[PDB]
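Here is the structure we will look at.
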Amino acid sequence: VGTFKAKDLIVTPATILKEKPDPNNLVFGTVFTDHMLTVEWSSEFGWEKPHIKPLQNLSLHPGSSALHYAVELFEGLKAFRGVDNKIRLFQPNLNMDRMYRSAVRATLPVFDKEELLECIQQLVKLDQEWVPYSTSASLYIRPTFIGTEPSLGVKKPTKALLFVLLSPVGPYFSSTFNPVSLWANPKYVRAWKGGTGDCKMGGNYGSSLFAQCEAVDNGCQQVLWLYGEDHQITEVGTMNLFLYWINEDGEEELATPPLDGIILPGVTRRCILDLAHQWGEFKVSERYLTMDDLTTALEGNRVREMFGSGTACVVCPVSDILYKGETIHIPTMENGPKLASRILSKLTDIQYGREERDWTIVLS
Amino acid sequence: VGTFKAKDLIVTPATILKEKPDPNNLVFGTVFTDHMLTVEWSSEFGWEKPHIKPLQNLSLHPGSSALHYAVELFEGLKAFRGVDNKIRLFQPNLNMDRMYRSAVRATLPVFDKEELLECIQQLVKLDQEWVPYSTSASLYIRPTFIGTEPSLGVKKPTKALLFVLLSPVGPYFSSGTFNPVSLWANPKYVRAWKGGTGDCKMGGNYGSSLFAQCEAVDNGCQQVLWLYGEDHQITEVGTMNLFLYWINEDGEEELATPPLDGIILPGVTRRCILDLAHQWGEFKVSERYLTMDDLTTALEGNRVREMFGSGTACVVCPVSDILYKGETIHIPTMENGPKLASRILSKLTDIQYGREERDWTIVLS
Ligand SMILES: Cc1ccccc1Oc1cc(-n2c(=O)cc(C(F)(F)F)[nH]c2=O)c(F)cc1C#N
Ligand SMILES: Cc1ccccc1Oc1cc(-n2c(=O)cc(C(F)(F)F)[nH]c2=O)c(F)cc1C#N
Ligand SMILES: *Cc1c(COP(=O)(O)O)cnc(C)c1O
Ligand SMILES: *Cc1c(COP(=O)(O)O)cnc(C)c1O
């Protein structure tokens with residue numbers, strides 16, 4: 001159980017550089033930078049020295065376990081060009097923690113978290129002009145970890161590739177807030193107790209595409225993932241779910257589903273709970289929320305705001321849920337949205353260096 | 001929509017051929033033949049013409065959805081060199097049915113099932129000397145279907161590759177005789193859930209299983225017994241369907257297997273075994289729920305005869321033991337012959353190797 005070291009980085013700069021895209025006409029994860037990180041592993045020799053080199057196709061054996069048994073995991077984090085023109089990562093330690101834990105659950109080989117971070121930092125530094133010159137755009141960092149075992153045997157891989165892509169992304173909505181409609185159909189399940197839903201393992205995402213297409217066919221933008229006999233609301237697509245409301249006890253509450261195995265422990269989710277705890281202005285509950293809790297609250301005018309949280313869209317307001325053939329209105333946009341707007345501004349201010357924070361590291 | 005057609009096959013023969021492996025010293029899925037099938041798809045142009053060409057690395061964009069969101073599915077079926085030296089596929093139509101259905105559930109593009117079969121048949125024909133000269137070995141056919149979308153967007157792919165590998169494989173167990181397995185039963189891990197993809201051969205179902213398989217091996221077990229629900233239903237033996245041969249609660253001789261309620265992969269071998277047992281008409285055949293309590297209650301009453309896994313891998317794999325809640329539970333399969341397991345093995349083996357005629361076999365094109 002060794003590791004690749006950032007000290008050993010072999011840098012092959014590209015001799016031909018690509019034009020950067022317009023920040024205001026960007027489709028998410030469509031455009032890639034000049035360079036990538038790649039690190040080879042084998043059971044026989046362990047970690048090879050890491051490479052920063054030009055973006056290129058991967059040459060994979062067609063038996064590679066990533067292609068057959070989804071022996072794969074990824075991360076998502078961003079680099080932000082601040083108002084002071086300094087580039088910052090946001091809580092990147094939490095991403096490295098989550099990637100390591102996911103690697104263990106996948107049986108992919110462990111690595112030193114600080115060494116991968118330093119390798120990512122060198123990659124973003126070389127491609128730093130790709131971090132858009134825009135206070136509403138970012139560079140998406142996609143660490144990826146794949147089994148490359150050339151064997152059809154269902155086993156712990158004896159060959160893996162860890163690589164990192166960079167992709168400049170614009171504002172989540174090309175437009176201020178575009179509130180989403182959620183397609184809520186309990187027939188589909190994202191994740192289950194005893195499953196891998198609390199990891200960013202590829203297997204969790206492939207099974208979701210069918211339901212996402214069903215959502216789009218019914219003029220919704222995301223899936224509301226329901227779970228269990230009592231229809232728990234768990235996640236908004238690939239975003240954590242927050243409910244701002246008067247609870248059953250008549251108390252002002254920010255509620256989110258708890259980490260009981262079926263929720264991806266989001267970085268944004270952690271940051272929002274940390275903020276709401278620190279503010280000390282209302283109750284903060286990691287607790288179960290059902291469609292009946294929600295509809296009961298809406299008939300009693302107890303619901304203020306619902307929003308998704310994630311690296312993608314820091315705070316994504318929900319306006320409507322389609323469920324049992326009815327459109328259910330969530331009055332998020334008629335209540336400001338006051339708290340969603342405040343949370344967006346606090347995280348945005350930290351990300352873009354408008355305010356100092358422990359949560360940000362300036363680029364190496 | 002539309003489909004690639006076998007009539008459009010572009011064949012690029014290999015100019016250098018590899019030596020075949022020893023039929024008696026084969027490891028599953030480690031050795032590959034001279035050629036592969038590849039077919040490109042895009043939303044813009046649809047299916048390109050299929051290629052049979054030398055085995056080669058795939059050139060994939062590192063954003064390919066197969067690498068990120070497991071936008072992928074596979075099949076497993078075998079070609080058998082029979083006692084009459086004729087090469088036979090076994091129920092290959094059922095594999096094409098299952099691949100199509102899996103493609104729909106994955107949001108990968110549909111294709112004509114007959115055209116893929118004919119493409120596979122041409123591939124196996126060109127590489128037919130790879131079908132081992134051994135009546136206890138096979139050629140494993142691995143159809144694979146991957147999203148190759150160069151975009152990190154979590155979406156229906158606008159780019160896919162369908163390809164087929166061939167791998168000569170020996171008997172499941174080296175000895176050729178039954179090597180009975182121990183199952184590691186830990187309810188903490190769940191293979192599949194209602195509203196999930198457990199009834200498809202989608203890659204996502206398999207990645208989550210490796211950790212549990214390693215836990216099994218660490219406790220001297222060979223396979224995972226997949227438990228489900230508050231009452232601990234026995235569902236599957238690793239990547240094999242589960243059969244229980246026993247006296248049921250009604251005092252009747254019964255072959256039981258869990259039913260296709262969404263959390264069971266509809267196995268070809270599973271279908272063949274039910275078809276046989278129905279046809280024989282010698283005992284009750286029940287697609288029904290089986291719990292660890294049903295099993296342990298039956299063992300206390302000496303009501304259990306045989307437990308076996310079923311699958312293309314190991315036609316019939318006897319179970320001798322289950323580790324569950326820190327106790328070793330003995331299944332007396334090997335002390336009861338195993339009579340039914342042995343009969344089922346013989347019938348399917350005889351069909352596969354052309355010892356007996358059947359509708360279930362197609363001779364090679
Ligand atoms: C790429 C990714 C995978 C898994 C979890 C999170 C994640 O991050 C993002 C996801 C998305 N994204 C999609 O790719 C598709 C959808 C649709 F709704 F269409 F399914 N929604 C989305 O938010 C995005 F647009 C941006 C980011 C970012 N940053
Ligand atoms: C490769 C494959 C994938 C999914 C479903 C079935 C399937 O078929 C097989 C599986 C296995 N196989 C493994 O790959 C590992 C394991 C252990 F659990 F031990 F890791 N057991 C096994 O039976 C095998 F040995 C042969 C065949 C065949 N043909
Ligand atoms: C990535 C992800 C999230 C959000 O996590 P962040 O670290 O906040 O980006 C939420 N749910 C699922 C299922 C995810 O995959
Ligand atoms: C493939 C598979 C089976 C058995 O399939 P056969 O067609 O009989 O080889 C059983 N369970 C799982 C999970 C499988 O993937």
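Here the Cβ positions follow ideal geometry from the backbone for every residue, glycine too, while neighbour counts run over all protein chains shown. The values are calculated or read from the model by the stated rules, or taken from the named source; no laboratory instrument gave them.
Could you please find all residues in the stretch B:1-58 being of a type in the set (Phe, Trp, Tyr) and under 23 Å from B:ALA160 (Cα atoms)?
B:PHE4, B:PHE32, B:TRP41, B:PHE45, B:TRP47
Residues of the stretch A:144-171 being more than 11 Å from chain B (Cβ to nearest Cβ) and buried (at least 19 other Cβ atoms within 10 Å of the Cβ), which ones?
Scanning the stretch A:144-171 gives A:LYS159, A:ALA160, A:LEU162, A:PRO168, A:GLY170.
Residues that are crowded, with 19+ Cβ neighbours inside 10 Å and more than 14 Å from every other protein chain (Cβ to nearest Cβ): which helices (runs of 4 or more DSSP H) entirely in the stretch B:29-134 hold 3 or more of them?
Here the list reads B:92-106, B:113-126.
State all residues of the stretch A:151-170 that are under 25 Å from B:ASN205 (Cβ atoms) and either among the basic types (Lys, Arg) or in contact with a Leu (Cβ under 9 Å, 6 or more places away or on another chain) (or both); if no residue qualifies, say none.
Result: A:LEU152, A:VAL154, A:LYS155, A:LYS156, A:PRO157, A:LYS159, A:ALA160, A:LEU161, A:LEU162, A:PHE163.
Is it fair to say A:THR148 is outside the structural domain of A:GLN222 (by TED's automatic domain parsing) and on the phi > 0 side of the Ramachandran plot?
Details: outside the structural domain of A:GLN222 (by TED's automatic domain parsing): yes; on the phi > 0 side of the Ramachandran plot: no.
In short, no.
Which one of these is within 16 Å of ligand 3 (Cβ to nearest atom) and not assigned by TED's automatic domain parsing to the domain that holds B:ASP34: B:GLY238, B:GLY204?
Selected residue: B:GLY204, the only one of B:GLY238, B:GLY204 that is within 16 Å of ligand 3 (Cβ to nearest atom) and not assigned by TED's automatic domain parsing to the domain that holds B:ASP34.
Is it the case that some residue within the stretch A:320-342 is in contact with a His (Cβ under 8 Å, 6 or more places away or on another chain) and either more than 24 Å from A:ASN247 (Cα to Cα) or not polar (S, T, N, Q) (or both)?
Taking the stretch A:320-342 and keeping what is in contact with a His (Cβ under 8 Å, 6 or more places away or on another chain), we get A:320.
With the extra rule that they be either more than 24 Å from A:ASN247 (Cα to Cα) or not polar (S, T, N, Q) (or both), the set shrinks to A:320.
Yes, there is a match, as at least one residue in the stretch A:320-342 is in contact with a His (Cβ under 8 Å, 6 or more places away or on another chain) and either more than 24 Å from A:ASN247 (Cα to Cα) or not polar (S, T, N, Q) (or both).
Can you tell me which of B:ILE351, B:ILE329 is over 16 Å from B:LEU274 (Cα atoms) and surrounded by 15 or more Cβ atoms within 10 Å (Cβ to Cβ)?
None of the others qualify; the one that does is B:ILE329.
With the requirement that a residue be closer than 22 Å to B:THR12 by Cα and hydrophobic (A, V, I, L, M, F, W, C), what does the stretch B:107-125 give you?
Residues satisfying the conditions are B:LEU116, B:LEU117, B:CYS119, B:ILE120, B:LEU123, B:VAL124.
Determine if the stretch A:13-24 includes at least one residue that is away from ligand 2 (no atom under 16 Å from the Cβ), within 12 Å of another protein chain (Cβ to nearest Cβ), farther than 25 Å from A:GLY147 by Cα and exposed (fewer than 15 other Cβ atoms within 10 Å of the Cβ).
no
If a residue must be among the polar types (S, T, N, Q) and out of contact with any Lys or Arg (no Cβ under 9 Å at 6 or more places or on another chain), how many such residues does the stretch A:129-150 contain? Walk me through it before giving the result.
Of all residues in the stretch A:129-150, those among the polar types (S, T, N, Q) come to A:134-136, A:138, A:144, A:148.
Filter once more, so that each one left must be out of contact with any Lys or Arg (no Cβ under 9 Å at 6 or more places or on another chain): A:136, A:144.
Number satisfying all stated conditions: 2.
Identify all residues within the stretch A:1-12 that are of a type in the set (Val, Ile, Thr) and exposed (fewer than 10 other Cβ atoms within 10 Å of the Cβ); write none if there are none.
A:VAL1
Scan the stretch B:126-185 for residues that are out of contact with any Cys (no Cβ under 6 Å at 6 or more places or on another chain) and among the aromatic types (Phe, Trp, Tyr) and jot them down.
Passing the criteria: B:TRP130, B:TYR133, B:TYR140, B:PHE145, B:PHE163, B:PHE173, B:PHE178.
Restricting the first residue to the stretch A:303-316 and requiring it to be closer than 15 Å to A:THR176 by Cα, which pairs with a second residue that is within 16 Å of ligand 4 (Cβ to nearest atom) meet a Cβ separation below 8 Å and a spacing of at least six or different chains?
Pairs that qualify, where the first residue is closer than 15 Å to A:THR176 by Cα and the partner is within 16 Å of ligand 4 (Cβ to nearest atom): there are none.
Quick check on my filter: what residues within the stretch A:207-224 are within 15 Å of ligand 3 (Cβ to nearest atom) and either farther than 23 Å from A:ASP293 by Cα or within 16 Å of the chain's Cα centre (by Cα) (or both)?
The answer is A:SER207, A:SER208, A:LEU209, A:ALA211, A:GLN212, A:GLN222, A:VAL223.
Given the criterion within 16 Å of ligand 3 (Cβ to nearest atom) and more than 30 Å from A:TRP225 (Cβ to Cβ), identify the matching residue among A:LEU73, A:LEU126, A:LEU117. Give the derivation first.
Working: A:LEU73 fails: more than 30 Å from A:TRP225 (Cβ to Cβ); A:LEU126 fails: within 16 Å of ligand 3 (Cβ to nearest atom).
Residue meeting the stated conditions: A:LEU117.
How many of the residues making up the stretch A:308-324 are aliphatic (A, V, I, L, M) and within 16 Å of ligand 3 (Cβ to nearest atom)?
Here the count works out to 4.
Restricting the search to the stretch B:154-188, which residues are over 21 Å from the mean Cα position of the chain (by Cα) and part of a loop (DSSP other than H, G, I, E, B)?
Hits for the stretch B:154-188 are B:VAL154, B:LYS155, B:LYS156, B:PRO157, B:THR158, B:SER175, B:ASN186, B:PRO187, B:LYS188.
Can you tell me which residues in the stretch B:189-203 are within 15 Å of the chain's Cα centre (by Cα) and facing chain A (nearest Cβ under 7 Å)?
Passing the criteria: B:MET202, B:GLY203.
Exactly one of (1) farther than 30 Å from B:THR107 by Cβ; (2) of a type in the set (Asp, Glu); (3) within 13 Å of ligand 4 (Cβ to nearest atom) is unmet by B:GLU236. Its number?
Going through (1) farther than 30 Å from B:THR107 by Cβ; (2) of a type in the set (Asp, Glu); (3) within 13 Å of ligand 4 (Cβ to nearest atom) one by one, B:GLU236 breaks only (1).
Can you name the residue in the stretch B:254-276 that is within 14 Å of chain A (Cβ to nearest Cβ), of a type outside the set (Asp, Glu) and closer than 17 Å to B:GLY229 by Cβ and is also nearest to ligand 1 (Cβ to nearest atom) among such residues? Spell out how you get there, then give the answer.
Looking only at the stretch B:254-276, we keep the residues that are within 14 Å of chain A (Cβ to nearest Cβ), and these are B:261-263, B:265.
Still in the running and of a type outside the set (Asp, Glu): B:262-263, B:265.
Subset that is closer than 17 Å to B:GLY229 by Cβ: B:262-263.
Details: B:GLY262: 23, B:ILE263: 25 Å.
Going through the qualifying residues, I end up with B:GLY262.
Taking the condition of being within 10 Å of ligand 2 (Cβ to nearest atom) and either in a helix (DSSP H, G or I) or more than 20 Å from A:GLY203 (Cβ to Cβ) (or both), how many residues in the stretch B:206-222 meet it? Talk me through it step by step, then tell me what you get.
Within the stretch B:206-222, the subset within 10 Å of ligand 2 (Cβ to nearest atom) is B:206, B:209-210, B:212-214, B:216-217, B:221-222.
Among the residues that remain, those that are also either in a helix (DSSP H, G or I) or more than 20 Å from A:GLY203 (Cβ to Cβ) (or both) are: B:206, B:210, B:212-214, B:216-217, B:221-222.
Counting residues in the stretch B:206-222 that are within 10 Å of ligand 2 (Cβ to nearest atom) and either in a helix (DSSP H, G or I) or more than 20 Å from A:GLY203 (Cβ to Cβ) (or both) gives 9.
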